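Q: Before I ask anything, here is the structure I am working with.
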Amino acid sequence: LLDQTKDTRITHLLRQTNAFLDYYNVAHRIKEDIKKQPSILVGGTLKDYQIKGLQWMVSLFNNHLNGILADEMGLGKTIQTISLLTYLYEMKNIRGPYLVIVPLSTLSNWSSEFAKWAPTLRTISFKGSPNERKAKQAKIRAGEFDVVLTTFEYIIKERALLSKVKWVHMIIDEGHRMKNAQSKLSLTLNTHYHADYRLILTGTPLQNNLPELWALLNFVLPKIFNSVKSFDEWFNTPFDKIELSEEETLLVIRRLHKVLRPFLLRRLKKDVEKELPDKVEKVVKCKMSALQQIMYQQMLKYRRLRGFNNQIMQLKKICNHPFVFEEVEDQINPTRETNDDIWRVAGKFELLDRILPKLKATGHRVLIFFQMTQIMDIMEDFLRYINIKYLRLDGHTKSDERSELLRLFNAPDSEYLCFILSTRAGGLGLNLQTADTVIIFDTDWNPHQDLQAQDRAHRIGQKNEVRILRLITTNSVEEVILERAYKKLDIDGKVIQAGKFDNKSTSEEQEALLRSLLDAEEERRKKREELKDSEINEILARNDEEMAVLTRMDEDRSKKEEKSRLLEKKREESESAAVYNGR
Amino acid sequence: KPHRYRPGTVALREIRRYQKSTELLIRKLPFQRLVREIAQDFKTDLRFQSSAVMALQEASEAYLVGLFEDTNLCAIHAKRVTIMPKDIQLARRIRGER
Amino acid sequence: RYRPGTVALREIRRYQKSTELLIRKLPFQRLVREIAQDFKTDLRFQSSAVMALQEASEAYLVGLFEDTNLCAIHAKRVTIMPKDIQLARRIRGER
Amino acid sequence: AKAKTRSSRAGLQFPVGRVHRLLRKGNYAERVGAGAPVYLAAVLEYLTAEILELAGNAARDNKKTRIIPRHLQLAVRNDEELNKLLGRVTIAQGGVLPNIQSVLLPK
Amino acid sequence: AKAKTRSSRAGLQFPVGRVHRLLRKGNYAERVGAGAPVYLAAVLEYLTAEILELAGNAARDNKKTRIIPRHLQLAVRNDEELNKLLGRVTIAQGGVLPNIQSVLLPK
Amino acid sequence: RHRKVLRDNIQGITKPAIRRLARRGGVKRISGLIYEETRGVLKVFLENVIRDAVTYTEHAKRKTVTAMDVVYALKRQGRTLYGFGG
Amino acid sequence: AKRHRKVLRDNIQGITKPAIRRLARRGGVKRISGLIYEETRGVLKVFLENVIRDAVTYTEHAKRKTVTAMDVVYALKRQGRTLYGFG
Amino acid sequence: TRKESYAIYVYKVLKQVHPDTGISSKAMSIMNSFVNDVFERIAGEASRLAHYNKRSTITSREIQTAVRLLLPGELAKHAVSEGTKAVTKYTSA
Amino acid sequence: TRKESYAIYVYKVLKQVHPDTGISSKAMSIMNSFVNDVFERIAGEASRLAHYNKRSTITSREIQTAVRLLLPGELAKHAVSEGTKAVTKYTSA
DNA sequence: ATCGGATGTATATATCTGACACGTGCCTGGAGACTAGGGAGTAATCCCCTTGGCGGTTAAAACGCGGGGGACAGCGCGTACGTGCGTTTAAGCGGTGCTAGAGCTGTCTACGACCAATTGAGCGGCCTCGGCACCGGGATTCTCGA
DNA sequence: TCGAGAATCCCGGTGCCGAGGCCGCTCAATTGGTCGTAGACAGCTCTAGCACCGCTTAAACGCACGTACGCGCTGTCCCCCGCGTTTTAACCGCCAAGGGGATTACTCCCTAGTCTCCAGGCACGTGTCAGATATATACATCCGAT
C-alpha cells in the first residue's frame, strides 16, 4: 500500500534531490566506505563506532547527502564532526571554506578542540566586541582561512558579509533550535544562500509533534518539504491508534523510520561506553493547604474570578508554593520571617522537612530544578529555617559566577549537599557528579528538560545510585501535565523508540522495541489508577544502614512528635483574603 | 591638556540635534511598565495593542515639549537662564491645570 | 494723607465686594458699533446684547489681570508691566 | 385608561416627556431607549440640588432670603469639583472671590 | 439612461455621493440639500491642495521625493493661518520647528 | 439722517476704568505703558467676537444682532456666559 | 531578606533622568536645575491619570478587555488634545 | 406666545432644599442656561458613543458612560448612583 | 474586509500639485485623520446653524456660513470662492 | 507698645419700592392603546495576538567629580508713579417722539426621500524596484587657547 | 587672534522595501420615477432701537510731590555641565497555550408611530413683603507722635 507511495517518492524525488546539486538501497548507492581514522588525527582516538557513523556520513556526502544526527552527548560528536572536516580537507583534499556555528556557551571548548586536534588547519572565530570582529572580518574578506567558527549572533549581524562568499559545506549545531519554523536561521540562509552540503545536529531530537522532523528535514531537501506536505496528510494523521498509529504504524511509521534509516544516525553510550551504574526512579504525592486547595478551589473560581493567566500563574504557583504574591504570608504572618507553617503550607515543604534531614543523615548531595526561580527564594530561607548547608543558582547567575560556583560545589569535600537550579537556564549542558542525588519539584513540560535534569548527575563519572525524585501533589494539575508530557514520556520513547531501532540501524532493535512499546502502553493504561512517610523511609534505602539510622531520625521526630500538616483553618482571611484573591 | 568645551556648549549642540530629529526620546519599556502599572488602578488586566501605547507616548512627549518651552519662557521672564519648579507650577497654573 | 497704596487695597476690598459692571455704558457702546461698522454696516443692537458683550469683556479682563499679576509677582516685581501681559497672553496662546 | 406622567412615576421633578422630546429633536441617535431620558433627568435634578443648596447657604451668609448671582459665583467658585466643571464658563454679575496675594500684604 | 458621478460632473476629486452618504448617517439634519455635499467636498479638496503643496515644497527642501510627517509638522507650523488652525492638534512623528531663544545664544 | 463714524472710543476707554478693573483683578500698583497695550488687546478680543456674532446675524439675514448671536459666538470660541438664554 | 522582595524601585523612576533632560533639550531649555526632574515626574503623572481613565472609559463601554489606539484618540479629543495619524 | 423653561421645577427643587429661600429672576435665568448647557454636553457625548460603537439608539447605559466622563469624583459617585437608583425605582413600574 | 479612506484621492491631488512626489504611508494616514477631522468640525457647525435658524435641512448655504466661521483670511477668501464656483459649474448640469 | 485720635464699617430706625409669590384657563403636549421591525441578542466558528522565563548585546544610565559661571542676594540711587486735590466734561437720564424692522402667517412648489434597477470605481490583494538608510573616507567647518 | 582639535558634512558606492502600479469584482453610486412637505415668500402687525433736549454730578485730569519700587553692580557660593568611568538593562532572538477579539447567523423585544384625549403648565394677571436705601452712631483698623 502506502509503502509504494513512499517508494515512488524514494526513487524519483531522490533523483530530483541529487539534481539539486527503500532509500537505503538507492540512498546508499554511491560507495565510499572507510573504517580508517584519517592521518592528521591527533590527540586522542575514536570510540570506533565513531568511525562507523563517521564513515556513514562520509558516504552521505559522497552520495551527495546532507545529514541529521541524533547522537547522545558524551560521545564526542565534536571530534566526529572535526575529524570529518579534517578528512574533507584531507583525503577529500577539498579544502573548502566551511561554516561552523554553535551556541556561545560551548564555543570556547569547541575552539579548544581545534587546539587538541587540527591546529594543523586554520579556524576563524568571532566574538568579543566590534574590533576583533572587523579584524578577522578583514581576514575572511582576505579569503584566507580553513575553518570559520561562530555563533548565531554575528550570523544575524555580519550575515550579509558572510553570504557574500560562495560555500561548499555548511554545518549547523544544536540544530534542534531549528525546531521552530520561523526561527530566523533558515530564512536568513535563504538570503544568506548556501553551501553545496550541510549538516544538522541534535543532542536530543524533540517533540513527537514533528514539525520537528519537518523544518530540519525539509530544509535538507526540497523533496522533503513537498513530500512531507503529502506527509502533512500522513503525519497530520500520524497518531484508533491500535487501528492506525499503533498496530499499523509499526509498519507505516516505524517503516517511515526504516525510511529514515539511511537518513539518520543515533547511538547509545550505555550500550557502547556503558558506564552508567544505575538510576532508581520515583514519583510521589503531597497535600496542598486549604489555601492551596480549598481556597485554591475558591481560587479556581478566582482563576476565573490577577488570579489569571491560570496555568503558569494559578495552577503552578499556588499548586506549587504559597504567597507568590506575599499577601498570603504577610496577611497571615506580618513578621514575614521563616517560621512554622512554611513547611506546613505546601506539602512539598513539610516533605522536605521529612526528607532533607535524612539526606543530611545520609549525607547525599542534591541538585534540583525549577521555573520562575522565585520559588527557590523560599528555598534559601526555608533551608535557613533549619540553617542547612546549600548553594543556589538560577538562569540569572552570571557566566563566571556560574563556572566558579560549579567548581565550588564540585569541591570533593563541599559541605553543600544542596546546589539548586533553574531547569533549562541554569542547567544548559553540565555534568556535576560531586552530587549523588537528584530531586524535582516540577513537570517535564516537554521531556528533554528534566532529561537534562537527569543528565547532570549520572553522566559519565557518577557511579553512585540515582534517586529520581518528583513531587506531584494529590489532586493537582501537575498530575495533569505530568501525564501530558508524560504521555510524551511514552510518546518520546515511541516514535523516538523508532529512533531507538534506527540508532543501531538494525531491526532486532525494533523487535525488542515491540514489547518495549506495547508493554510501555500497558503501563500507560495501568495509570487508569495519600502517602505516609513511613513507606518513603522504607524506599530511601541505598543501604540498610540508611533504613536503621533514618528510622531513628524517626526515633527523634517520634518521641518529640513533630501542629497540623497543611495550613488548614485564618478563617477571616478566608472571605477577606478570598475576595482580595477574588480580583 | 584635556579637551573640554565651554559649559553648556554641549547643551546647545544637542538642542540643534534634537530639534533636527523626529523620534520618541523615551525608552519603550519603562514607559509601558508605567502605563500598565497605572491602568491597574481602574480595571485590572487589560490587553494593550502596542500601537495604542505608542499613541500615549506621543501625547505625553509632545505635551512635555510644550510644557518645557513655556516654563522656559517663565524663567526667562524671571531673568534666570535655568528653570525651577516654581516656574513649572506657574506655567501649569496659567494653563489652569492647577 | 494715607500711606501709598493703602487706598488701592481698600478699593480692592470694595470692588471684590461689589458686583456691577465698572465700565461706562456709552463709550463701550460707541466703541462696539464703531467696530461692527467694519463688517456689515448699519446693524441694530438690542441693549441686552451689548450688555452681554460688556460682561464677556470685563470678566475676560479680570482674568487677564489676575494672571499677569501672578507673572510680575513671579518676577518679584509688585507692579505689572506690558512684558508681563504679552507673556500671559503668550501662554494662553492668543499670541 | 388612566394616564400619568413618567416623572411622577419616577417621583422626580423633570418632565421626562419633555426631556425625551428634546432628545429626539436633538438628532442625537435615530432612536431612543426609554431608560435614558429618566436617568438623565434625574441627573440634572441632582446637580441642581447641589448648586442650589450651596448657593442658598452662601445667601444665608449674609442672611438674604433671596439668592443673587453673586452668591452663585461665590458658591460655585468655592467648591473644587464644580468650579472645576464651570471654570470655562462665566457667571453673569459674577464678581470674584475675595482674593489677595500674600506678598502684597503689609507687615 | 446613462449614469455618471456628480463629482465628475463637478470635475472634482471627492465622491460627493460618499460625502452625502456620510452626511445623512451623521444625524446632522433630518434632511440634506444637494448643494451642501458638493460645496463641502470642494472645500476639502482645496484644503488638501494647500497643505500638500506646502509640505511637498518642504520635502524639496531636502529634495526628498517622498513626503514624511516631519515635513508636515514643518510646513503646517510654519504657516500662520494653518498653524493657527491646527495648533490644538499634534502631528504624529512631529518634531518641532528649529527654535532658539535669543538670550541663550553666546556672543 | 445719521451715520457717524466714531473715533477712538478705545481712547474713550478711560484710564481710571482700567485701573478699577485691575483693582478687582487684585493688582496693587500699575505701570503707565500698560494702558495702551491693554486697550489694544481688549480691541482684538472684541474683533474676534463681533466678527462671528455678526456672521450669525448675516446668515440670519436680519438687520439686528440678538443677545443670542453674541452668545453662540462666544461659546463658539469656547467662552460661555449664562443667564441671557442658551 | 531575598525571598521577600517587597523593597524595590518605584516606577516613574523608569522615566530616566537623562531622557527627561533630552526632552527639555528638544524643547530647548539649556541649563536645567535638578529638582525639576522630580517635579517633572509629578506633572507627567497627572497627565496620564486624567487621560487613561477616560481612555479606559471608552473601553469601559466597549465591554471588551482590550484598549486599542481609539480610546487614546478619542479621550485625547475629549480633552481638546485631538491627535493625528492613527485614523 | 409661551417660551418654555425649567424654572418652576428649579423653584420646587429649592423647596426641596432651602424651602424658605427666595430667588431673583436673573438667578433663575442663569439656572436655566446652566441646565440646558449641561444637557448639551451630555447629549453630545452620548451621541458620540452611539456613533462609535455604532448603535442606532441611546439608552440609559450610554448616558451613564458619558456621566462618568464629565462629572468627576463625588459628582460621578453620588450622581450616577442617583441616576441608576431612580431608573430602578421607576422601572419597577 | 475593506475600510474606506480618502487616500487615493489625496494621492491624485498630489498628482495635481507636485505630481512627481512620493508619499509615505504614515503621511497618508495623517492626511486621512486630518480630513475627517475638518469634516467633523464643519458638519458640527452647519448642524448648529440648522438648529438655530430652525430648518430641517442643510444646503450649501449653511456650509458656506460655517466656512466663513472656521477658516480665516485667505482660507475663507480663496476657499469659499472655490466652493461657490464649483457649485456653479457643476450645477450648470 | 502706647497716646490718642480718625476714620473703616457694621449697627439702629423707617420705608418704599418690585419683583416675587398666589390665583387664573386653555392647550397643546404628554400620556395610553395598539401594531410593527430590524437592531440588537445570542450565539456559532476562526484566528491573531495576548501573557510566563532565557541567552547575548550593546548603548545608555549611574556615578564621580572638577570650576565656572549663573543664581543670588545686597545695596545704593530715581523716577515714574500713588495720591489728593480743584479743577474739569458727559455719561447717564428720562423723556419724546420716531419706524424700520422684528415677528408672525397663509401658500405652494420645487425639492428631497425613497426605491428600483445598473455598474466600474474603489478596494483587496501582488510584484518590484528606485528612493532611501548607511556608511566611512574624506571633504570641509566651529572652539577655544594663544 | 591663528591652530589644530574636534565636529560635521559630503559623497559614491552601499541592500531593500513600501509606493505604486496592475489587475479582478461589488456596492455603492447613479436614474428616474414618484410624494410629501418644508421653506420661500409675500403678505402682513407693533417694539424696540434711536435721535434729541434739559439736567446732575459724578467722574475724569493736571498736577504737585514724596518715595518707594526698579534697576544696576559686587561678591558669593553653589550646583550644573562636561567628561570620563563604569555599570545594567533595554532590547532582541527565542522557548511555552488561552483567549479575546475578530467575524458571521438567525430570532424577538424592543422601538417608533398613530391617534385620543385630558390635564400641567405657561402667560398672565394681582396682592405684598425683602431689602435697598437713607439717616446717626462706636468700636476696629491705619497713622503720625510718644
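Numbering, chain F: per Swiss-Prot, residues 18-103 in sequence.
According to its header, this structure was worked out by electron microscopy, 4.7 Å.
Every residue, even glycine, has its Cβ placed from backbone N, Cα and C.
Sharing the record's features from Swiss-Prot:
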- F:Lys21: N6,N6-dimethyllysine (MOD_RES)
- F:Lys32: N6-lactoyllysine (MOD_RES)
- F:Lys32: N6-acetyllysine (MOD_RES)
- F:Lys32: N6-butyryllysine (MOD_RES)
- F:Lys32: UFM1 cross-link (CROSSLNK)
- F:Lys45: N6-(2-hydroxyisobutyryl)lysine (MOD_RES)
- F:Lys78: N6-butyryllysine (MOD_RES)
- F:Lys78: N6-glutaryllysine (MOD_RES)
- F:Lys80: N6-acetyllysine (MOD_RES)
- F:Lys80: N6-glutaryllysine (MOD_RES)
- F:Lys92: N6-butyryllysine (MOD_RES)
- F:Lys92: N6-propionyllysine (MOD_RES)
- F:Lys92: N6-acetyllysine (MOD_RES)
- F:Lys92: ubiquitin cross-link (CROSSLNK)
Q: Identify, among the modified residues F:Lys45, F:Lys78, F:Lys80, F:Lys92, the residue whose Cβ has the fewest other Cβ atoms within 10 Å in this structure.
A: F:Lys78
Q: Among the modified residues F:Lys21, F:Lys32, which residue has its Cβ surrounded by the fewest other Cβ atoms within 10 Å?
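A: Fewest other Cβ atoms within 10 Å, among the modified residues F:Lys21, F:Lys32, is found for F:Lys21.
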Q: Could you check which of the modified residues F:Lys21, F:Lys32, F:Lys92 is the closest Cα neighbour of F:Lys80 (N6-acetyllysine)?
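A: Comparing Cα positions, the candidate nearest F:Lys80 (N6-acetyllysine) turns out to be F:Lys21.
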Q: Using a Cβ cut-off of under 8 Å to chain C, which of the modified residues F:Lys45, F:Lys78, F:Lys80, F:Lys92 qualify?
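A: Sorted by position along the sequence, the hits are F:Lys45, F:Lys80.
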Q: Cα-Cα, whole number of Å: F:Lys78 (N6-butyryllysine) versus F:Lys92 (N6-butyryllysine)?
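A: The Cα atom of F:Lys78 (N6-butyryllysine) is 21 Å away from the Cα atom of F:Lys92 (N6-butyryllysine).
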Q: Once the DSSP letters are reduced so that anything not helix or strand counts as coil, what is F:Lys92 (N6-butyryllysine)?
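A: Its secondary structure by DSSP: helix.
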Q: Rounded to a whole number, how many Å is the Cα of F:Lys92 (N6-butyryllysine) away from the Cα of the residue listed as 'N6,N6-dimethyllysine'?
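A: Taking the Cα atoms only, F:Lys92 (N6-butyryllysine) lies 31 Å from the residue listed as 'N6,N6-dimethyllysine'.
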Q: Sorry to bug you, but what's the C-alpha spacing from F:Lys32 (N6-lactoyllysine) to F:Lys45 (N6-(2-hydroxyisobutyryl)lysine), rounded to the closest Å?
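A: It is 15 Å, counting Cα to Cα.
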Q: Measure from the CA atom of F:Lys32 (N6-lactoyllysine) to the CA atom of F:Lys21 (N6,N6-dimethyllysine) and give the result in Å, rounded to a whole number.
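A: Given the Cα positions, F:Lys21 (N6,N6-dimethyllysine) is 25 Å from F:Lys32 (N6-lactoyllysine).
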Q: Is there any among the modified residues F:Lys21, F:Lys32, F:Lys45, F:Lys78, F:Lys80 whose Cβ is under 8 Å from chain D, and which ones, in sequence order?
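A: In terms of proximity to chain D, the modified residues that count are F:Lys45, given in sequence order.
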Q: Could you say whether, by DSSP, F:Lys32 (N6-lactoyllysine) belongs to a helix, a strand or a coil region?
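A: F:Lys32 (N6-lactoyllysine) sits in a helix per DSSP.
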